[PDB]
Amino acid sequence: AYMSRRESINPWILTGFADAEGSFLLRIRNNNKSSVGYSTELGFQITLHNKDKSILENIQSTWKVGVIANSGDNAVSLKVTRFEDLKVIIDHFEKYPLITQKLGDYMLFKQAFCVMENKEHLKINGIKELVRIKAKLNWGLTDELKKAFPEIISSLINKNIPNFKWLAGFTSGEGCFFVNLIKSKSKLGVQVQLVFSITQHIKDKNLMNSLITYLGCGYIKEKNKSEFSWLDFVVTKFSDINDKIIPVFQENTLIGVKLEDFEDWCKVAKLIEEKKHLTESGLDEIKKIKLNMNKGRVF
């Protein structure tokens, strides 16, 4: 395997994608063999379905770090935990910063990086500090870690969209270009509606709200699934999609298989611009485009 077979991508796109996908990791493993009885591993990771391996390669090729591996049969991962390589990641994020609640996680990661850069994690005081940091990262401590270090453990990130490149990267993870086919009392009996969405956890409500000001269109939907809730930024007005959404991503290129879902959705947009969705022949072409996009896509 080669570090840069695939092309690199734009660092703001990389950052948008990183706001939408991936997590920092701080492992603190019980370890017989370590002087202190624990060892650590620090890093950053992204796990995607096999379909979107090209993206991991894009990133690897941009940073020149990271390992790409199988992640079970269905998925692949990029993990950076080589310690000195984390300087490349730090250097990337200082210059092209994250803006979702994940920024907070990057702050934990930096702090843990400091402790390790000084080698404090090799002694009991440094392990204690990493425990306090890990306590706030992702899912926090295992029950077993809490017994070992029962010490007492220590606010929402509020940031603006930096530019459209960030937005192309973020959409490449969390966006959806959908062709909705409404059973309708129209002539053909089916209405074609283009839907754009970006799906996000509730914590990033402010970001989602500010997408409305940013794109000059769309609205927020609160959705739920019994115990769990999430948000959608949604655009359904056709003239907004054609004059606002489409040009943005024509100028700022999506990455991964979603690029192909996007061009397929634009093909339908040209058809609707021409009123062709209102004839049988055009409805059928759309039905065929939809059939083979998104979950229906083979290549």
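In case it trips you up, residue 1 is the first one in the sequence shown, and so on.
Deposited sequence between residue 154 and residue 155: 1 to 3 residues lack coordinates. As recorded in the PDB entry, 215-223 is the stretch of 215-223 and 104-112 with the greater mean C-alpha temperature factor. Look at the mean CA B-factor for 246-254 and for 227-235 in the entry; the higher one is 227-235. Each of 144, 94, 129, 117 has a CA temperature factor in the record; the biggest one is found at 144.
Comparing C-alpha B-factors across 86, 208, 78, 98 in the deposited entry, the largest value falls on 208. Residue 169: CA B factor lies in the lowest third for its chain, per the PDB record. In this PDB entry, residue 279 carries a Cα temperature factor that places it within the highest third of its chain's modelled residues. The deposited CA B-factor of residue 186 belongs to the highest third of values across its chain. Looking at the C-alpha B-factors along this chain, the one for residue 175 belongs to the lowest third. Ranked against the other modelled residues of its chain, the C-alpha B-factor of residue 193 as given in the entry falls in the middle third.
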